Amino acid sequence: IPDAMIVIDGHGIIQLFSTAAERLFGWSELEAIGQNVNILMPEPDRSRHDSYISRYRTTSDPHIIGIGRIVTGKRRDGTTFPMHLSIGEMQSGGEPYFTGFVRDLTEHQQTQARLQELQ
Ligand code: HEM
């Protein structure tokens with residue numbers, strides 16, 4: 001089930017960016033591949049993201065890995081949107097890499113908001 005998929009290294013730098021992720025976030029694969037993953041989210045998360053990763057690497061206490069969470073992401077044109085995020089942990093060449101699977105929930109949030117406003 002291809003949804004948006006992103007692989008980052010232990011520093012948050014993007015290694016691979018699926019074509020579905022390009023459609024969702026507005027960045028091409030080439031544009032994203034050397035950027036920090038924090039470019040896909042707004043503040044306060046953006047500036048705090050590196051410490052989320054560092055805190056996990058030092059403690060081994062997952063807050064989203066193996067749990068899943070609904071959050072707000074940011075597209076290249078500046079628009080934000082709700083998405084579900086799941087994180088997988090992997091190893092390659094001795095170093096940790098993390099895989100993120102994203103499911104866009106904009107439609108769901110809208111329908112729900114629509115049903116609510118019509119009482
Ligand atoms: C794009 C919107 C995203 C947002 C808003 C977001 C937000 C967060 C938040 C809020 C935390 C945990 C903070 C906590 O509960 O203390 C976190 C942890 C983490 N995120 Fe992100 N993240 C995003 C995408 C990603 C992606 C795509 C990846 C992997 C490709 C990723 C990799 C990680 C890792 C490895 C951790 C540390 C894990 C642990 O606490 O489980 N994040 N992120």
Side-chain angles (χ1 to χ4, degrees), residues 1-102 104-119:
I1 287 98
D3 280 339
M5 114 134 261
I6 296 110
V7 177
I8 59 163
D9 62 13
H11 296 308
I13 300 302
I14 302 179
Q15 305 295 323
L16 306 158
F17 202 74
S18 75
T19 62
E22 311 189 267
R23 296 177 190 183
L24 179 65
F25 293 100
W27 303 97
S28 71
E29 176 176 74
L30 262 185
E31 289 173 331
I33 273 168
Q35 293 309 306
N36 190 117
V37 65
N38 68 29
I39 53 156
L40 303 170
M41 60 190 83
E43 288 292 0
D45 279 332
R46 193 166 188 293
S47 290
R48 279 174 177 156
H49 209 257
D50 278 359
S51 78
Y52 293 162
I53 305 190
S54 163
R55 183 209 150 288
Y56 172 70
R57 288 185 65 190
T58 74
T59 67
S60 298
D61 180 23
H63 280 193
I64 296 189
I65 287 184
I67 298 167
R69 187 131 123 203
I70 294 180
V71 301
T72 302
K74 201 190 179 112
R75 298 186 215 255
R76 179 181 186 178
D77 64 14
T79 66
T80 58
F81 71 99
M83 42 167 269
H84 178 262
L85 174 66
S86 309
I87 305 157
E89 201 177 344
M90 292 175 321
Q91 287 268 305
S92 170
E95 302 299 346
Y97 287 86
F98 303 98
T99 299
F101 300 96
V102 183
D104 181 28
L105 266 18
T106 300
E107 182 153 30
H108 295 268
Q109 184 185 55
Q110 300 209 73
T111 303
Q112 177 175 133
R114 185 60 171 172
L115 287 176
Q116 196 192 354
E117 85 161 309
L118 307 184
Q119 194 204 29

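All residue numbers in this chain count up from 1 along the given sequence. Counting starts at 1 for both ligands and their atoms, following the listed order.
If you look at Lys74 next to ligand 1, there are no close heavy atoms at all, none under 4.0 Å.
Per-residue contacts place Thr72 under 4.0 angstrom from the following atoms of ligand 1 (heavy atoms of the residue considered): 5 (C). Here is the list of ligand 1 atoms found below 4.0 Å of a heavy atom in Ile65: 41 (O). Atoms of ligand 1 found under 4.0 Å from any heavy atom of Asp45 (numbered from 1 in listed order, with element): 5 (C), 10 (C). Listed by atom number, the atoms of ligand 1 under 4.0 Å from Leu40 heavy atoms are 1 (C). Every atom of ligand 1 with a heavy atom of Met83 under 4.0 Å away is listed here by number and element: 1 (C), 2 (C). Within ligand 1, counting atoms from 1 as listed, the ones closer than 4.0 Å to a heavy atom of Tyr56 are 37 (C), 38 (C), 39 (C).
Distance from atom 28 (C) of ligand 1 to its nearest protein heavy atom, with residue and atom name: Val37 CG2, 4.4 Å. Looking at atom 19 (C) of ligand 1, its nearest protein heavy atom turns out to be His49 NE2, 3.8 Å. Among protein heavy atoms, the minimum distance from atom 35 (C) of ligand 1 is reached at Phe98 CG, 3.6 Å. Looking only at heavy atoms of the protein, atom 14 (C) of ligand 1 is closest to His63 ND1, 3.2 Å. In this structure, the protein non-hydrogen atom closest to atom 18 (C) of ligand 1 is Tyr52 CB, 3.9 Å. Of the protein's non-hydrogen atoms, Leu85 CD2, 3.5 Å is the one closest to atom 24 (C) of ligand 1.
Side chains of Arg55 and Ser51: no donor on one and acceptor on the other come within 3.5 Å.
Taking 4.0 Å as the cut-off between side-chain N and carboxylate O, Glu31 and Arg76 count as a salt-bridged pair.
The backbone N or O of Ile53 sits nowhere less than 3.5 Å from a side-chain atom of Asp50 that would complete a donor-acceptor pair. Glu43 places a side-chain N or O within donor-acceptor distance of the main-chain N or O of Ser47, the cut-off being under 3.5 Å. Of the possible donor and acceptor atoms, one in the side chain of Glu22 sits under 3.5 Å from a partner among the backbone N and O of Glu29.
Taking each heavy atom of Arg75 and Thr106 in turn, the nearest pair found is NH2-OG1, 3.9 Å. Closest of all the heavy-atom pairs between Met5 and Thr99 is CE-CG2, 3.2 Å. The two residues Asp61 and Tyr56 make their nearest non-hydrogen contact at O-CD1, 3.4 Å. Of all the heavy atoms in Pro42 and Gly73, the pair that sits closest is CD-C, 4.2 Å.
Put simply, the residue from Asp9, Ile87, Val37 that forms a side chain to side chain contact (heavy atoms under 4.5 Å, CB included) with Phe98 is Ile87. Residue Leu105 forms a side chain to side chain contact (heavy atoms under 4.5 Å, CB included) with just one option from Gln112, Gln110, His84, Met83, and that option is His84.
For atom 3 (C) of ligand 1, the nearest non-hydrogen atom from the set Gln15, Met41, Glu89 belongs to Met41.
Annotation: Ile64 places an N or O atom under 3.5 Å from an N or O atom of ligand 1; distance criterion only.
Ligand 1 does not have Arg55 within reach: every non-hydrogen atom of the residue lies 4.0 Å or more from it. Residue-ligand proximity: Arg69 is placed with a non-hydrogen atom under 4.0 Å from ligand 1.
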